[PDB]
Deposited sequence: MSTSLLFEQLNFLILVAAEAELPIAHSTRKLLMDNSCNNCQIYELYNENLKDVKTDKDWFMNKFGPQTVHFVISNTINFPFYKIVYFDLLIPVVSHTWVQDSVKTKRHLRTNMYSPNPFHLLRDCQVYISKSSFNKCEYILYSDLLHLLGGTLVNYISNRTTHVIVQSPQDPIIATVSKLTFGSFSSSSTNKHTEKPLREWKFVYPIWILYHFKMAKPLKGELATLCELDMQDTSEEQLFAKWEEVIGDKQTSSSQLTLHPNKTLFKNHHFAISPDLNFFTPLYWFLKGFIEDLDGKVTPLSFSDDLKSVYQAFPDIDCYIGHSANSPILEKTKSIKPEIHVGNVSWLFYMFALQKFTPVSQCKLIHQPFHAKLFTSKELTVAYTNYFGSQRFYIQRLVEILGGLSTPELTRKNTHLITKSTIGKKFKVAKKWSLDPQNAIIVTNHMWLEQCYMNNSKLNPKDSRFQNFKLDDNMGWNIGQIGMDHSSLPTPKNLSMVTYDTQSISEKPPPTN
């Protein structure tokens, strides 16, 4: 049979061994029979990639100039995986994604089909209760969830598998009462140990109404993630990532104290050093007493602590916690200016929910995580469904009913929902300015013709 399901999409199949040619041919045929724009094949086993820098420029020149939408691979063991997956945000999906997507006649979510064996929560649809957490806690839990391949939802549904809460006192528990209520150690365990949560340990992580005292929570945390030896030791082998670096941790990161211990152990197990700053510290003397401090880690770009810090140490690296975890995924220390806009201390909110309640289409996998992060730090909301509650539709291209409906509603002078591309979101944040989404550059819905227009490149 045939269809237009994959219309205007470019694919790249990585063949890891000659025995996989029949399934490579069988997948190209499904993609062509359903009207894909282009499907390149690349044989990993038939080229020497030793001592050639398979970097971002190498990849764009070798397989562009237009975007690749999906890389099809049943392994992540190839030397441009990190460039594809963490920088360019191109999904990497198994052969089965093509089969299932054809059978269901829809572009399925990429997460369950990732072959990264670290993506231990690829199945989970996770609600994180904002009422339960500070901003900086929420951002860290989302970072690690995304790094574990899970999906973040901002609504409870039948699809939802997990609800992350801090304590029985949290108001989300009561007002609700299938899916399971757990403490954030459910996330952190998978991250630290890289194996599923199955023992009696798995029982500790579930919401327990007897835990009305702080002393009990502290005690489950020290048990579940306190004390070590982990699985899949080969997956992040650079145990000196932060050697000769020393991080000053801002007091505007008011973490649950065991959560700070986790971040300190993560840093220190990667051979870095950590000093916590407090609000009453004299900063000149802290930095003079610890002159090897070369990085500041903070939540807000407008912290007074960060202003005085820059004055004392004007060459300090200035990052956020997200920045640490991105260095973790690249497995290389990397200056903030070479990372992404989301790896800086956050700007003050630009928009309100009322100005900015956006919906989006054709963004898979990490690009999805990225629009969501961007909307958050811009001050708005994002929804999975397009309704009339929405102020904008963000789009890359012109396909999908979602675009057609929203492009129709934008012709009405009363409605006035706006259709714009993602660079409006990005340039707004970078310039810290409410730019105009009907500008020429933000009406370009042919971004796929160039890979440099991939969401997340602006600010690099």
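Which parts of the deposited chain sequence are absent from the coordinates, listed in sequence order? In sequence order, the gaps with no modelled C-alpha are 1, 179 to 199, 250 to 251, 485 to 513.
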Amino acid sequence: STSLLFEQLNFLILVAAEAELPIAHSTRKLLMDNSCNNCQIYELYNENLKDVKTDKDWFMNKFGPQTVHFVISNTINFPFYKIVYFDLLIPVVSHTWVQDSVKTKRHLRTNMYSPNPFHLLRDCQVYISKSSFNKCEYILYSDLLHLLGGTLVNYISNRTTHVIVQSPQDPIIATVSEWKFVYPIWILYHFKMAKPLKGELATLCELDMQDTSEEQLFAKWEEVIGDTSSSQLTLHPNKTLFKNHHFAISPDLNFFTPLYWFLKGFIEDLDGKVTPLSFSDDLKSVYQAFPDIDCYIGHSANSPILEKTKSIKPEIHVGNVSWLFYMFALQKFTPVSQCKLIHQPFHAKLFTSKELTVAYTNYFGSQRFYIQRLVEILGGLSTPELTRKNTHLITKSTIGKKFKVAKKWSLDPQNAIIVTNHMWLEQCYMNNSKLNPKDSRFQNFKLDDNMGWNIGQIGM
From here on, numbers count along this sequence of modelled residues.
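Is residue 166 unresolved, in the sense of carrying no coordinates, in at least a third of the other compared entries? No, residue 166 is modelled in every one of the other compared entries that cover both of its flanks.
Determine if residue 244 is unmodelled in a third or more of the other PDB entries compared for this protein. Residue status for residue 244: no gap in any other entry.
116 to 124 versus 229 to 237 - greater average Cα B-factor per the deposited record: Comparing 229 to 237 with 116 to 124, the higher mean C-alpha B-factor belongs to 229 to 237.
So 151 to 159 or 100 to 108, which one's hotter by mean CA B-factor in the entry? Averaging CA B-factors over each stretch, the winner is 151 to 159.
Using the entry's values, work out which of 434, 29, 56, 422 has the largest Cα B factor. Highest CA B-factor of the listed options: 434.
In terms of CA temperature factor as recorded, identify the highest of 68, 52, 36, 430. Reading the PDB entry, the winner on C-alpha B-factor is 52.
Mind checking which third residue 307 falls in for C-alpha B-factor across the chain? Middle third of the chain for residue 307's C-alpha B-factor.
Once the chain's modelled residues are ordered by C-alpha B factor and cut into thirds, is residue 179 in the lowest, middle or highest one? For residue 179, the deposited C-alpha B-factor lands in the highest third.
Within-chain third of residue 257 by Cα B-factor, per the entry: Tercile = lowest for this residue's CA B-factor.
Lowest, middle or highest third - CA B-factor, residue 447: Its C-alpha B-factor, which the entry lists for residue 447, ranks in the highest third among residues of this chain.
Taking the values exactly as deposited, rank residue 170 by C-alpha B-factor within its chain and report the matching third: lowest, middle or highest. Answer is highest: the recorded C-alpha B-factor places it there.
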